[PDB]
Each structure stands twice: as structure tokens, then as C-alpha cells.
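Following: one structure in C-alpha cells, then a few remarks.
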Amino acid sequence: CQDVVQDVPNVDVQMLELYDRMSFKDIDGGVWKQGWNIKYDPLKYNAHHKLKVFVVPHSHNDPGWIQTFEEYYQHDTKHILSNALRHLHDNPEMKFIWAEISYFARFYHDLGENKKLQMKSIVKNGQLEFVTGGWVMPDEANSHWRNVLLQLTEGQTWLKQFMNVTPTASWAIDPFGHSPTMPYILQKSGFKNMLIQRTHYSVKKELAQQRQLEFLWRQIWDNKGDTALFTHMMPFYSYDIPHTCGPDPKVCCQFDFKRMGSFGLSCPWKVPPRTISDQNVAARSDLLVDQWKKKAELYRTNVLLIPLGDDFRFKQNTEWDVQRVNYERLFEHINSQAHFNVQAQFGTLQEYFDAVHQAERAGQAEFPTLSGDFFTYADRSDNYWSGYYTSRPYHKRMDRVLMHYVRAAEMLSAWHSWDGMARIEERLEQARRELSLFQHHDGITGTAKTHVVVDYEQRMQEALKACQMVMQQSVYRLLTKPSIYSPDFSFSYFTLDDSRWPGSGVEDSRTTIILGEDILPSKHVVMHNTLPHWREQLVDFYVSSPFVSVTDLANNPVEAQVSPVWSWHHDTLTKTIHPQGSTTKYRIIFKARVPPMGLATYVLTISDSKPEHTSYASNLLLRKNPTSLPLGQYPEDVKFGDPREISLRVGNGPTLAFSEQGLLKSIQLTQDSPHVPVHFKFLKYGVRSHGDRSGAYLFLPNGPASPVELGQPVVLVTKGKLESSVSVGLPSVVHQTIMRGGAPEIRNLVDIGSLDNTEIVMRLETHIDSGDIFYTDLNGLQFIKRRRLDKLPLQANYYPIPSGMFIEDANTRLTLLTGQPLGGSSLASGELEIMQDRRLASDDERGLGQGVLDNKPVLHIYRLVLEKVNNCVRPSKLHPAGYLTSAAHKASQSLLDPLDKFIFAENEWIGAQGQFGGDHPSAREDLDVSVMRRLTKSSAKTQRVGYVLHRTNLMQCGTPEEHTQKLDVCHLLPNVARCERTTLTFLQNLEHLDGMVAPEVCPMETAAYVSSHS
Ligand SMILES: *[C@@H]1O[C@H](CO)[C@@H](O)[C@H](O)[C@H]1NC(C)=O
Ligand SMILES: OC[C@H]1NC[C@@H](O)[C@@H](O)[C@@H]1O
Ligand SMILES: [Zn+2]
């Protein structure tokens, strides 16, 4: 295994290093506004060395943006694909590339058999070529790597089954900035090449000058380079035709033949395209070839890529004709005129890359190595696209919830083969597809129109319900005596209980377990642990009585704590935000211990009086002018008092101190250690009254944030043996700090209401001497070192915080883990900040045509980990990566993949069992079974189950960490006939494993295995 910590990779281009040196000056470079006047030696190409030009027709189809997926399909995409089939069929030399499989599958299944065959033929013959082949062209900032893989697999599995092809070249022309997580996944999925486009204009200029636009992109910790994937970065401002033929859009626009009038399109540079004729072809060719040769100066081979497309292009038959015929005339002339020394033709993306590597092998070009990422993107001036790191946070959080439900549903149902009547495969396909669709760069990014966001939400809601159905049917089968098991595949044996989604104050959705002497004495509940190691976690349920005791199936008492059910309300009368307690519902809390990838059953029983093993939390409401707060049967009376500073400690965990405003002030790790200053503060960013305005994409603050006026907020303190908390009703946010014995959990119920042109940020202020360094993660896969650059505007220093961020000095580190992707930064030494929500009244000129005014209450969750790191073996000062500690990693897992909770629906569960998976191996803490998916239906003689195994890298800080079993996923199911290592999509077998044993992976490595069972 490679050492991902102590060996700084030697690369030609390291993006953090490049950023430190670049000046980012935005000067007018001429026709190529953000570049320079490209010059070339006409004698460079000749009869013995010609410029090979591949014109690649394409159509950018967004699976939802200003219209929903279905609306676009009906109005544009079905016509684009129908006419592509006809035109390619009739013109053998014409080519076309396609990226979004969600649309292609929608189209294909509606085609008659005759057309399906014609379509398969033009794909088999190479005219229509799929690029990437994912369900969508995913966002690369907010997306979790697990979902990027999910959607890639969904699209490629469909392609293999129906088109019999697996793309090895990726095409990503629209994500707003790019992540190295893509080449990581692609390279492990059979890919050999990838193309990107949206990178900072300053980066394009810098790399272009050094002809480093094509490079071998390796991971920041990869010293050997085995993760490298050849990457092509487009050099210009856009992927449209005016910005893909050469440096001068005024000239290039003249070669987009759809801009003549009848199509309602024109050239903003004032010179329209002119139909090619024998009379003007020589002059037109001279202009075009000149542009091509200028573009070619920016690359190292004699093979040039010229994309030919734009948004939803190649729709009308007349459009196919005008583009094809005119280019055909140009090709005939150019290729016949030796003085040009050019051979141009329509081509596909794979053809371009194949030619490039042929030139490379011929020894005519050597490519530079590169590591790093391409955030934060700016397409012009100071317009940095960091706003979408937060836009529509409700759905960003929903993405993470569904991410987990899909994993849990696929894993729980994978243990058995199911009869087709159970509709398991059907429900799982639906769930995978709706979540995959949301990975689109206008989905999770929060950059779609209001009604489109609603469509995505509805789709994800249906997906969650599908997951619940599969999960509950699976639990019933896994924990019921076989000879008693009598399933009704439409019946709900269990109801899922989720305490953090939609969340308290967002939607009263969870059911109350109703117990009573005259109705029902007890209730069975079951917890699922999707992680491959034994896990304990506090779980809570709503019960109709405070007198409830918990037992495991062996009838062993389990210590429990009961707390009131508190709800916060904006009292329109008193004009205050205060909590009201329920007098009919209560929360029971207890520690559940669940087997690796297993289940554990518990029983809740009611009693007439306080049970021996259940304690009750005390409650203190701090504020002036208090009023009584009755809690029905709840044992202890609520206490009141004027606002004051308070300190709390649960178990042997840390001691937290809070200000009289209910905000964290300090953390004391041990009774001996000191009170480390850690202050939570909420501030607000505004919008400029002059110039460019912030919108769904852009973050253009009118200066540093201003503190939110808190006034004298109401603070609620709940103190319990198992769980304590401090909650405060601040303007726009009910802020809560929960303590359970370890790193606290933070929950923010964010309701920005009608606060227009406001972005709410949560900041942490500490004494950590971090300077200008901080770390943020990329797709929940790796942590990358960031350097605050004062030479760049505030918004440029904002980065995606898909799952976590941290700052540190020689001795101390503060890590903030998130349960949802949001934007954040460290604008000053010792600080960390993350945006909660943003409400913008205006559009930011990127085509959306609206601001962001559809905000809705969202419950953001986090874990705050303060640690001493002076003993940890960390990367050198020059290493571009950072790594989490065991505690921080486990805290992240507690947010993203918590235990699942099931409540038995009926009064009695006959044949109930107390546990499942007790014999499952408990793998080392840094290893995870990211995916467990049965790949075959019940009729298959040989069953196949696929697993995606990921091993992260945790810092060694002197903790023994021992006793763990080897995890061999290939033997998790009995009767294993073979074990094979496969690409991450499970589509290609890479190795036949002897002994049918799937070996564990190395740190920061991800592998896939498929076990076959007879
Ligand atoms: C799929 O393509 C391969 C070539 O890569 C070919 O050998 C095989 O017969 C094809 N399968 C079908 C009929 O779809
Ligand atoms: O300008 C941004 C916007 N342009 C049109 C579409 O491609 C959409 O996805 C994108 O966000
Ligand atoms: Zn797009």
C-alpha cells in the first residue's frame, strides 16, 4: 500500500501551489477577452505534418433546469434524439455524442422495435457515441462520491444492457468547477480519458500559456501515479460554438449555422453566419482554419478537438441540415487545399482521444502531471460561483438523507432473493433513479427554477417511500422465524422513525408509539446498522407516556432517559421565539448496540409509575418574564430563571460552556484540561446595491458579514444522564447544541423567512493559530488543503463543504462535520464558517431568470470535534492533503449513515427474533462497505451480489486501536462459487480471486467485488 501521508507527490502542476503564484489579473486580452492574441507559425504544419481536426457535434441536455425533466423531454429532447436517429442513419459520415442517459433511456423505451434496431446500429457503427454514460452530468461540488458512483452505474448499466457499450471517455462541459473525485471514480470504472470545461478563466490562461491544458490528473496523495487519468481542459469561456472554434467568438459565431434568423438566433458580435458556397468557401475556410490553428497552438499534438453544439441543439431537421451541409462544404474544400495542411472531419470524443494518444505514442508529445481541484470557479471578473454551494439547502440536506436510505434499502434487501411479486427491484430502481437524477448540475446545486425544484423534491419523496417499503419488508423477513414468516408485500410491518428528517419544526411526520394498560402494553422497535462494525448510538422514539422502560430481546433492562417533546414557535403576540412542551407526547432515549450490517430488536413497555431503569431530564427555561410550562405526566417540573452563562457535561465527555444567549463559548476536553475558547456566532451577508447581484449561482457579498442582532433570546436547557442540550431561539434560527458523551451535535432549524437579499452564516471563532490555512472535503471522499488568498475577493475564498472542514495549528484542531453540503470558508486565522441559507431577490444573469425566494425551513445537522493533534503523524507542510482523526470520521458517519429505526406496526409480532448479523465480521474502523447490491433477480441460477469497499485514511495519533476482524465480503453470503474484483460499476470483471476471498483495500482506495452463489 502507498503511504498517503508522508510522501509528497512530485507533479508538474499542483493547483494549490499554482494558486499561490498566480496573480489572477483580469485584463482585456483582445478578441480572446481572457487570454491573449494567439500567434502561430504557418510553416508548423505541412504535407508531412498535417493538423487533424475533429468536429464533434453535441447537444447539452439538462435533466431539468428552467423546465422539468419531463417538460424538456416532451418539448425538446425526444425530438433531438428522434431526428438524430434519422439524420445519422441517412448520413453515414455525420457524428454525434450523447451524455445524459436519463434522457436516452426515457427515449429508447418509447421507441418501436424497428427504431431500436436502427439506433443500436448507429451506436455499434460509431456514429452516435455515448460520453461518460452517467444518468446525468453531475454537479461536482455538492455531490457525495457515493451518489456520483450511483448515477454513473445507473447510466452505464443501462447502456451495457441495451446498447452493449461502456464509455471510456468522459464529457463534463457544464459542472460549475471540477473535482478530482471524478477522475478517481472514472479511472476505477474503466475510463481512459476525460474532458472538463468550467474552470477559472485565470487558470485557463495560465495553463494555456504552458500548453498544460491536457494533463495526467492524479489524486493529491498519489505519489506513484496509479490514479492518473488523461484529462483535456477546454481553453475558452464557453462550450457553445462561438467559444469552441478558436479564440475569436466574433469569427466562430459565423460558423454556427443555426444563427441566421429563421431559428430565432443571432450573433451578438454583429456578424452573422453566411451559407457556404463555392463562391465564398475559400474565404470562409481561410478564416476558420486560422481560428483552428490558433486554438491548436494551445495544445501539444497535431490533433484538434472542435466541439460543435450548445443547449438542446440539433432538434429541428432543418438545423441538422444547415450544420451538416455547411461543414461538409468546408471540409471538402479545406481537405483538398494542400496549402492548409489540414484534414478535418466530423468525429466523436473517443476518436479525438485515440488520435491524441497515437501522437503521444509516436513520441510527438509528452503530457504534464497534475493534482488538485478546480474550485472555486469564476467565468468572468469577480463573479465566483460559490453561491450554489448553499442554494436550496433543504434539498441539499434531502440528498444526504436519500443517499443513506438508498444504501440501507439496497443492503437490507440484498441478503435475500425476492419473488417478483415483492416488487423489490422495481422500488429500488425507482429510488436509485430519482436520487441519480438529482445529482444533475441544476439539481443538488439549487440552480433550477422553483417548479423544477419542486419536481425534484416530489421525485425524491417517492424515492424515500420506496426505500422505506423495501427496508421494512426486509427487516420483517430478516427477523421472523422462517416457518412463521408470511409476507403481504403490500403491508407495512414497520414504520420508519427518523428524528432528523424532515426534522422537528420542519414537519411533524414521526409517529408516536401509543401505549396504555387498556390498549397496548408494549412495542417492538428495531435498529439497523449499515456500517460494517459493531456500533452503539443513542436512539429516540416518541411515546404516549413518560413511564416507559426498555429491554433487549433477552429481556435485559436497558438504561433509558425520557425528555419532553419541545417545539419552538414564533409567538406573533409576544413577539418572541419560545419553546412549548407537549403534554401528550414524550421522548424516550436509549443506547442501541447493533451488529455490523445488522439488526437489533428492543421492546418499550409502559408502567403505572417511574420504571427503575428510566431517568428523567431536568428542564430550565432561561429568559425574562417567563410563563408556566406544564408537561402533562412528565415527572419533573420545568425550572425558570433569567438568562445566564451555563456549563454542561454528559458522561465523561467534554464540558461545554455557553453564553447567556445560549451559544457555545468554550470546550473543556477533560476535567484537567483548560477551557478552550470556541465561540459560535451567527452573522449575515447582504447584496450589493450597485453592480452585479448575488443569485442562485453567484455569491457577491456587500462586504464582510455583520453580526445578527440577537436581542434577548429564550434559552432552553435540558439536562439528562444520557443526553443534555442547550437550544436558543435566534432570529431565523433555532440553534441547538446536543451532548451525549462525546463531540457535541449541532442542529440548526433555519427559517430565513422573508429576509430578502440575506445570507445567514454560522461562524466559529477560536484561538487556533491556523493562519491562512484550512481544509475542506471533496465529495465526502478526501480532504484538501485550502489557502485563504487575500489577493482574491471574499467569495473566491468560499469552497464547497460537502461533508466537513477543519482548521489546525501545531497542537489543536477543530473539525466541523456536516450532514448536508453547504458553502464555507476560514476568512481569518482561527475561524470556520458555513452558510446556512440564502434568500436573493434578483437573478444573477446566468439564465435562471429568477432569484432564490422559495426558502423553506430546514434542519441542518453537524458534529463539532475539538482535538489535540500535537501527537498525530500529519503530512508535511508541502503536502496538499489532510486527513481526519478517528473521532472526526466516526462523527461524520453518525451524521451521514446513522442507525435506522423501525417501529412494529401491529400489536403483536409473532416469531420475532432479537438480532441479525451477530456473526458478521466487525471490520477496522477506516473500512466501509459503501454499497451492497444484489445484481441478479430470483430466476438467475447463479446469484450475484456486488460490494463497493472503501477504506479512508485516519491519522495515527497514538491510540492502540486493536481487535478487529478481516472483512471478506465474498463470504458474507453462503454457497460462494466465485469471487471477482470488478470495476466500481460492476460491469467488468478484473480479477478472479483465489479461495473466493475478497481482500481488503489500501488507505484511500476503493474496490468493487462480486460474489457468485450457487
Ligand atoms: C457486444 O459487443 C461485443 C464487442 O465488443 C460483441 O462481441 C458482442 O457480440 C456484442 N453483444 C451483443 C450481441 O450485443
Ligand atoms: O448559465 C448556467 C446554466 N446554463 C444553461 C444550462 O446548461 C444550466 O445547466 C446551467 O446551470
Ligand atoms: Zn447544464
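Numbers run from 1 along the shown chain.
When the header is checked for method, it gives X-ray crystallography, 1.5 Å.
Using N, Cα and C of the backbone, Cβ positions are placed for all residues, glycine too.
According to Swiss-Prot, the protein has these features:
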- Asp174: active site, nucleophile (ACT_SITE)
- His60, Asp62, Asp174, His441: Zn(2+) binding site (BINDING)
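The residues near the Zn(2+) site, meaning same-chain residues not in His60, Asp62, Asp174, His441 whose C-beta sits within 8 angstroms of the mean position of the site's C-beta atoms, are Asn61, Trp65, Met137, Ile173, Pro175, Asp311, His440, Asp442, in sequence order. Secondary structure from DSSP puts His60 (Zn(2+) binding site) in a beta strand. On the backbone, the CA of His60 (Zn(2+) binding site) and the CA of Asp174 (active site, nucleophile) stand 9 Å apart. It is 10 Å from the Cα atom of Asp62 (Zn(2+) binding site) to that of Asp174 (active site, nucleophile).
According to its DSSP assignment, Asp174 (active site, nucleophile) is coil. The C-beta environment of the residue listed as 'active site, nucleophile', restricted to residues of the same chain at least 6 apart in sequence and closer than 8 Å, consists of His60, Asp62, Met137, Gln197, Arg198, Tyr239, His441. Fewest Cβ neighbours within 10 Å among the binding-site residues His60, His441: that distinction goes to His60. There are 25 other Cβ atoms within 10 Å of the Cβ belonging to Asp62 (Zn(2+) binding site).
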